[PDB]
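Okay, so here's just one chain, in structure tokens, the form deposited in one PDB entry.
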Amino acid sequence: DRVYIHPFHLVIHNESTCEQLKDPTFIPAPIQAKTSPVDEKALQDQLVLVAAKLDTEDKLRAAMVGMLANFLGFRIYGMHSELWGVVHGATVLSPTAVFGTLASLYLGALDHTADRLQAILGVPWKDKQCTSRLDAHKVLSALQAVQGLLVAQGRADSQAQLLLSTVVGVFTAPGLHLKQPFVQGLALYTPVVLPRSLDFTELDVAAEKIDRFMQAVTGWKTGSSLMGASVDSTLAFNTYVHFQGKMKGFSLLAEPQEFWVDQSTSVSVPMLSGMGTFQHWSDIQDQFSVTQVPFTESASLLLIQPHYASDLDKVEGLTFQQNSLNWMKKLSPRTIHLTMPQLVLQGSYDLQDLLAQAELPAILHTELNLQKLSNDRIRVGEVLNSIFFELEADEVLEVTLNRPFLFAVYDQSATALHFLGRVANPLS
């Protein structure tokens, strides 16, 4: 039947798919076993290929999971007193990644675990039929679509250069047998999946093995020491995402400028500077200014500066809600000279912490049923999201971000927030 309880009909199973009625397993090679580094340029070529053969229906599904990811992102802010206390390193977040990580857990979940994970993703069910449940395959492929759509815009635009890499590291205990169809499912989300076996009895060394392995294979830094891992841990599900967006007609100024973290304190920071006609709007009631700088026609960097420095947290509350996507319309063109810090940010967080008030720890530790992932004993050490975020260089209103500000990168193709962030200090 047609769906009414939610407007997300394209992400659930259908009649043919549902009620279809002895699963190959394997031990991933040891982490030390030498692997080829990821060819990012070859990965970017794969993602454009995904996007360039998306039918109309597939395009709508991409926009749908974009919306769901966004909503979860806003839920995650609404449930935290100090959200950024959880995030190690730079204060950046990825709704798309977080949604993909939960969707990957759901992929290998059953019974009450699956129900609770589907609940957090934010798509309910009106009965315990098969057709009311989430189609992980459609969700995971749809998330690769929004990645594809973003990077394809970058190619089509002669000026712009967008780059988005997502790699998943599934690290298991020695002897833990992974199910083949689970790995087959992750491959829908991203082409770079790295299942490797790893001894967790020495967490101090295990962390170094991962950091070295991930740094060798990617070339990015992480520094995630499995802070909340135990000796009984037999699984670490880590998502590493890299973003690099070229700023149209911006130059890196040779001389630095002062960035005011406090009323009293400043810090010397390298700054980007650029002229152009950008979308701008002042909210006089709530007291903040939004400035949009396009990467492409449909993908942009939103820059929210509060009118007063003390209202940052207050204005952040107005940024991270459903309303924020309404004021995309209230923008209008302005000739602007923007000056903002060169952002080269690395941050990481555990979802277990992010979604503590949605009782994700309870789901992943009490009465766990991840039998679609593995029949062995699964005890989750960390569910990590590592983010590496770069902004590189190539009458009139002077916009200057020499004090704390919020940012987001948004793609209208799939109506998706790839990154929400906050810059209290542009270095560390």
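The term rigid core refers to the maximal set of C-alpha atoms that superpose within 1.5 Å between the two forms. In case it trips you up, residue 1 is the first one in the sequence shown, and so on.
inquiry  = Tell me whether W327 turns out to be unmodelled in at least a third of the other entries of this protein, restricted to those that model residues on both sides.
reply    = Yes, a third or more of the compared structures omit it.
ask   = In at least one third of the other PDB entries compared, is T201 left unmodelled?
value = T201: modelled in every other compared entry.
ask   = How many residues sit between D394 and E395 in the deposited sequence but have no coordinates: none, 1 to 3, 4 to 9, or 10 or more?
value = Unmodelled stretch: 10 or more residues.
query = So 344-352 or 153-161, which one's hotter by mean CA B-factor in the entry?
reply = Of 153-161 and 344-352, the stretch with the higher C-alpha B-factor average is 153-161.
query = Mean C-alpha B-factor higher for 58-66, or for 31-39?
reply = According to the entry, 31-39 carries the higher average C-alpha B-factor.
key: Out of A103, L143, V123, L226, highest CA B-factor residue   = Answer, based on the entry's C-alpha B-factors: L226.
ask   = When the CA B-factors of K330, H242, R133, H137 are compared as recorded in the entry, which is the largest?
value = Highest CA B-factor of the listed options: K330.
task = Sorting the chain's modelled residues by C-alpha B-factor, tell me whether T190 ends up in the lowest, middle or highest third.
result = For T190, whose C-alpha B-factor we compare with every modelled residue in the chain, the answer is the lowest third.
query = Thinking about Cα B factors across the chain, which third does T25 belong to?
reply = Its C-alpha B-factor, which the entry lists for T25, ranks in the middle third among residues of this chain.
task = Would you mind ranking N14 by its C-alpha B-factor against the rest of the chain and naming the third, lowest, middle or highest?
result = Highest third.
ask   = Ranked by Cα temperature factor within the chain, is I387 in the lowest third, the middle third or the highest third?
value = Tercile = lowest for this residue's CA B-factor.
key: Chain thirds of CA B-factor: placement of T201   = CA B-factor rank for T201: highest third.
The following text describes the form deposited in another entry, which does not appear among the structures shown.
ask   = If you line up the core, which of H280, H242, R196, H88 has a CA that moves 2 Å or more between this form and the one not shown?
value = If I go through the list carefully, the shifting residue is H88.
query = Can we say the CA of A97 moves by at least 2 Å between this form and the one not shown when the core is superposed?
reply = False for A97: its C-alpha shift is below 2 Å.
inquiry  = If I superpose the two forms on their rigid core, does the C-alpha of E316 end up displaced by 2 Å or more between this form and the one not shown?
reply    = The answer is no, as the C-alpha of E316 shifts between this form and the one not shown by less than 2 Å after core alignment.
key: Core fit, then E359 C-alpha moves 2 Å or more between this form and the one not shown   = True for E359: a C-alpha shift of 2 Å or more.
query = Out of closer and farther, which fits the Cα atoms of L343 and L83 in the other entry compared with this form, where the change is 3 Å or more?
reply = Here the pair is closer than in the other entry; there, farther apart.
key: Sense of the change in Cα distance from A42 to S158 in the other entry - at least 3 Å versus the shown form   = It is closer: the C-alpha separation of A42 and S158 falls by at least 3 Å in the other entry.
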